[PDB]
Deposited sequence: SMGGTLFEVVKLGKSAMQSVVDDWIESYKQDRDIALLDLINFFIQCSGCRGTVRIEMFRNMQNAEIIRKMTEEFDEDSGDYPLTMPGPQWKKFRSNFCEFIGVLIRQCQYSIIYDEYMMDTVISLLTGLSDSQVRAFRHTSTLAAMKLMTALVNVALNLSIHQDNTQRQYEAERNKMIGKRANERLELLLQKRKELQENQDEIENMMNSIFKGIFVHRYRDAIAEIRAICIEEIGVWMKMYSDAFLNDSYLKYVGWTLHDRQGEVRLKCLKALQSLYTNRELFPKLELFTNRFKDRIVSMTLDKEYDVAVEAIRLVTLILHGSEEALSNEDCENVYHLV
């Protein structure tokens, strides 16, 4: 409206366009997901755009095969002023999109399924542009969802505390209206959480377990950095010897860029003298490799390995 009204409401272009997207999604899910699909196509530098008939009548594999042939250096690799901020922005868009979809649309069975199937689809593609763009998207997606899960946890605790000061208040008395709503609320919140955990699995099994060993080092680096973020944010789901092995197996990686990332991940874990216990078996299993890298070959990898080992000593 007025200039005062806009400035006091710093809605960004992103937030603005994610708000427009959500309205458009509510009128017509199809055209809205078509636009979200094309957006992923166009962030790869792919010059094609999918039409509704394709969308309505074609499997992602088909769509992907067709957009593959329409490939002319993609937005994520360009240098220049007019692409400096792109990666930062692509990453923020996926966090804004989900943050905003997190109460209704996320839990529909159509939006997140379209997106994740398309991101899995592009992360199999022989085109680097597709693998790099989709995987960075999938990794930021997983994190957006882990945030959704952390918000749910907080609501699950308020709904659990609240169900307790009602269950106790009755005892002997017929289960009333409040105790049936709360006992439902609690069921919803847990089913909501299952849905998130489901999406996390499709993204992890479908994209992460294949990409972290990607031929391109930048892609392996995108994966490691992010599994590090999951393990710190959401320890109980993500900090365990199955997920950690990924990080362990990748200390042996060939590129400084990636070894550096494995160490930065383990650093952020071992600083928290609280999940320090949950790294016991992992410290035993990979101490020889962590310790070896202190004289790594690449100065700044070594510097970090040293900072890691001192962090471990201190515990």
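**Study point:** Deposited-sequence segments unaccounted for in the coordinates
**Key:** Sequence ranges with no C-alpha atoms are 1-3, 76-79, 323-339.
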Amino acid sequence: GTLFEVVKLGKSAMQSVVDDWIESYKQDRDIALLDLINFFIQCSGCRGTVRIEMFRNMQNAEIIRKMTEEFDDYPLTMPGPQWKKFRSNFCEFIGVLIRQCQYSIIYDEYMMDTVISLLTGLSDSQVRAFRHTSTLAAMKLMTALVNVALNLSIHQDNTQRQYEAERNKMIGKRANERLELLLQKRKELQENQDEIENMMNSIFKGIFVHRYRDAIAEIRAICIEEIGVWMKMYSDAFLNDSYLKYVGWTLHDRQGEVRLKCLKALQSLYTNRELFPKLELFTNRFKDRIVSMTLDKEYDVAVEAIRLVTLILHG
From here on, numbers count along this sequence of modelled residues.
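In this text, the rigid core denotes the largest set of C-alpha atoms whose superposition between the two forms falls within 1.5 Å.
Review point. Relative to this form, superposed by the core, which stretch has the greater CA RMS in 6 other deposited structures of this protein: 132-140 or 81-89?
Key: Result of the core-fitted comparison in 6 other deposited structures of this protein: 81-89 deviates more.
Review point. Fit on the core, then compare CA atoms: does 178-186 or 196-204 lie farther from this form in 6 other deposited structures of this protein?
Key: Between 178-186 and 196-204, greater C-alpha deviation in 6 other deposited structures of this protein belongs to 178-186.
Review point. Among the other PDB entries compared that flank it on both sides, is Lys169 unmodelled in a third or more?
Key: Counting only entries that model residues on both sides, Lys169 is resolved in every one of them.
Point to revise | Greater mean Cα temperature factor according to the PDB record, 34-42 or 268-276 | key: The stretch with the larger mean CA B-factor is 268-276.
Practice item. Name the higher of the two by mean Cα B-factor in the PDB entry, 179-187 versus 198-206. Key: The stretch with the larger average C-alpha B-factor is 179-187.
Point to revise | Candidate residues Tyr163, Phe90, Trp230, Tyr107, the one whose C-alpha B factor the record puts highest | key: Largest recorded C-alpha B-factor: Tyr163.
Point to revise | Given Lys169, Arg99, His132, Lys140, the residue at which the Cα B factor reaches its maximum | key: When the deposited C-alpha B-factors of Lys169, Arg99, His132, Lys140 are compared, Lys169 is largest.
Point to revise | Ranked C-alpha temperature factor of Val18 among modelled chain residues, by third | key: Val18: CA B-factor falls in the lowest third of its chain.
Exercise for review: Give the position of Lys26 by CA B-factor within its chain, expressed as the lowest, middle or highest third.
Suggested key: For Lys26, the deposited C-alpha B-factor lands in the middle third.
Practice item. Would you check the entry's CA temperature factor for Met78 and let me know if it's in the chain's lowest, middle or highest third? Key: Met78: CA B-factor falls in the highest third of its chain.
Point to revise | Among modelled residues of the same chain, the CA temperature factor third for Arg56 | key: Its C-alpha B-factor belongs to the middle third of this chain's values.
Review point. If you rank the chain by CA B-factor, which third does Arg128 end up in: lowest, middle or highest?
Key: Within its chain, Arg128 is a middle-third residue by C-alpha B-factor, going by the deposited values.
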